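Notes for the structure review
Here is how the chains run, residue by residue.
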Amino acid sequence: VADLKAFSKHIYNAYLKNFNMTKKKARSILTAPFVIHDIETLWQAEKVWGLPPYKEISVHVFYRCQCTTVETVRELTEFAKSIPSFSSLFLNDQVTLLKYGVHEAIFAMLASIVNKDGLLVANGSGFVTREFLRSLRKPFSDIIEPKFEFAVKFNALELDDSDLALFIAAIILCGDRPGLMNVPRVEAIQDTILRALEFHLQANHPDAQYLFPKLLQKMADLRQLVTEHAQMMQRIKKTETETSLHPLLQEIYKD
Ligand SMILES: O=C(O)CCCCCOc1ccccc1CN(C(=O)c1ccc(-c2ccco2)cc1)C1CCCC1
Ligand SMILES: CCCCCCCO[C@@H]1O[C@H](CO)[C@@H](O)[C@H](O)[C@H]1O
């Protein structure tokens, strides 16, 4: 309880140092950004704002998701490396962790910039509506909406940034990942983060009953969210041959 408090402080600093936007700053903005809600406003935003050559509205928007997804893998990688227990693993295990962990963490973190009406883009200087993203053609509308369903429920838990750092540290440092070399070591670290999380919630959310087991179920739900995301990504790679898929995301899905 004493030790695990110090542990959590370090993981929080890892978080504050590496992530380009806190949930704190996102809610404050979300409560002014340029609203993108149709083709004209997307154009004006671009003309708020170097991607692959143009194809069409839905694909262009998918290119922008893809670029932000890659940018977030970057942050998550620096954040992981800022955790001494992560950085102490052999480099191959770090890659295995990030490979199977980042999309779960990405979708967890995504909730911070989402409300029921849309999400922030371009570092908070823009806001893209959910109805606009719903209007894109299949399969680009289908891959977007489920993340929204997840976020609004997740945001009802009202985690702050110090909760999120442990929660995401817990997602990354997961002994379950296929092809781990040193499983007992990663399981041990995961257990520690989870114990630290449990205590942290006790102090930070003293009136929130069931919050810890609530968040453990969200980790199980994120796992299913990502399975469905990869399946949709398989369909896009198969039916949308003219859409470019970033090589880094390719190396992640190839598993
Ligand atoms: O999986 C992969 O690796 C392949 C990529 C598919 C990812 C599916 O993308 C989704 C789905 C749901 C919610 C958000 C996003 C994309 N994101 C955005 O922040 C974002 C960025 C730009 C726009 C935009 C600009 C102009 C008009 O719209 C809109 C949203 C999040 C997601 C996680 C990191 C970023
Ligand atoms: C930047 C952090 C995220 C990295 C995620 C990408 C991991 O890709 C994997 O890299 C391995 C070599 O390291 C290959 O042996 C695997 O075939 C490949 O799937």
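Each value, and the rule that gives it
Residues numbered from 1 in each chain as written, not as in the entry; some residues may be left out. Chains lettered and ligands numbered in written order. Heavy atoms only, no water. Pairing = 2+ DSSP bridges. Helix = DSSP H or I, 4+ residues; strand = E, 2+ residues; numbered from the N terminus. Near = heavy atom within 4 Å. Polar contact = N/O pair within 3.5 Å; in protein donor to acceptor, adjacent residues only side chain to side chain. Nonpolar A, V, L, I, M, F, W, Y, C, P; charged D, E, K, R; others polar. Buried < 20%, exposed > 50% of the residue type's maximum accessible area, 1.4 Å probe, protein only. Contact = heavy atoms within 4.5 Å. Areas by Shrake-Rupley, 256 points an atom, 1.4 Å probe, with all protein chains shown as cover. Axes fitted to C-alpha atoms, helices over the stretch in contact; angles between N-to-C directions. Parallel < 35°, antiparallel > 145°, perpendicular 65-115°, else oblique. Salt bridge = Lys/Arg side-chain N within 4 Å of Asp/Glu carboxyl O.

If you check the header, you'll see the entry was determined by X-ray crystallography and the resolution is listed as 2.100 Å.

**With respect to the sheet that holds strand β2 (residues 114-115)**
In spatial order, the strands read β1-β4-β3-β2; together these four strands make up an open sheet with mixed pairing. Each edge of the open sheet is held by one strand with a lone partner, namely β1 (34-36) and β2. Here strand β3 (residues 118-121) pairs with strand β4 (residues 126-129) via four bridges, running antiparallel. Considered in β4, the bridge of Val121 is made with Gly126.

**Remarks on the site of ligand 2**
All residues adjacent to ligand 2 are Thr77, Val95, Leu98, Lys99, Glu251, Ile252 and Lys254. Interatomic distance of 3.0 Å between a side-chain N/O atom of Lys99 and an oxygen atom of ligand 2. When residues of the shell around ligand 2 are traced back to their parent elements, those giving at least two are α6 (91-110) and α12 (247-253). Ranked by residue count, the leading element in the shell around ligand 2 is α6, at three residues. Counted by class, the shell around ligand 2 contains three nonpolar, one polar and three charged residues.

**Some words on the pairing of β4**
Because side chains alternate across β4, one face comprises the buried residues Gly126 and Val128, and the other comprises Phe127 and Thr129, equally buried. Pairing analysis gives three bridges linking β1 to β4, with the strands arranged parallel. Its bridge partner lying in β4, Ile36 is registered against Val128. Remark: four residues form the turn of the hairpin made by β3 and β4, two consecutive strands paired antiparallel; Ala122 in that turn has positive phi of roughly 55°.

**Re the environment of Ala170**
Residue position: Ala170 is located in helix α9 (residues 161-172). Judged by relative accessible area, which is 2%, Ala170 ranks as buried. Sequence-wise, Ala170 and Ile193 are 23 residues apart; in three dimensions their C-alpha atoms are separated by 5.9 Å. Those residues in contact with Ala170 that sit more than four places away from it in its chain are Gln190, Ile193, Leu194 and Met219.

**Thoughts on the site of ligand 1**
Taken together, 22 residues surround ligand 1, and among them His103, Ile106, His229, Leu249 and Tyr253 come closest. In this structure, an oxygen atom belonging to ligand 1 sits 2.2 Å away from a side-chain N or O atom of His229. Burial of ligand 1 by the protein amounts to 98% of the accessible area it has alone, namely 740 Å². Going through the elements one at a time, α4 (57-81), α6, β3, α11 (211-239) and α12 are the ones with two or more residues in the shell around ligand 1. The biggest single contributor to the shell around ligand 1 is α4, with seven residues. Here the shell around ligand 1 is composed, by residue class, of 15 nonpolar, five polar and two charged.

**Focus on the packing of helix α1 (residues 3-18) against α9**
It is the contact of α1 with α9, at a shortest axis distance of 9 Å, that shows an interaxial angle of 95°. Relative to α9, the element α1 is oriented roughly perpendicular. Across the interface between the two elements, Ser8, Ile11, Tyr12 and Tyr15 from α1 touch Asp161, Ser162, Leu164, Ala165, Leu166 and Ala169 from α9. In terms of residue class, the contact of α1 with α9 is built from seven nonpolar, two polar and one charged.

**Concerning the pattern of salt bridges**
According to the stated counting rule, one finds 15 salt bridges in the structure shown. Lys55 serves as the salt-bridge partner of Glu242, at 3.0 Å between the closest nitrogen and oxygen. Separated by 187 residues along the polypeptide, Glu242 in the loop between α11 and α12 and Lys55 in the loop between α3 (39-46) and α4 bring together distant segments of the chain. Residue classification places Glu242 among the exposed residues on the basis of a relative accessible area of 56%.

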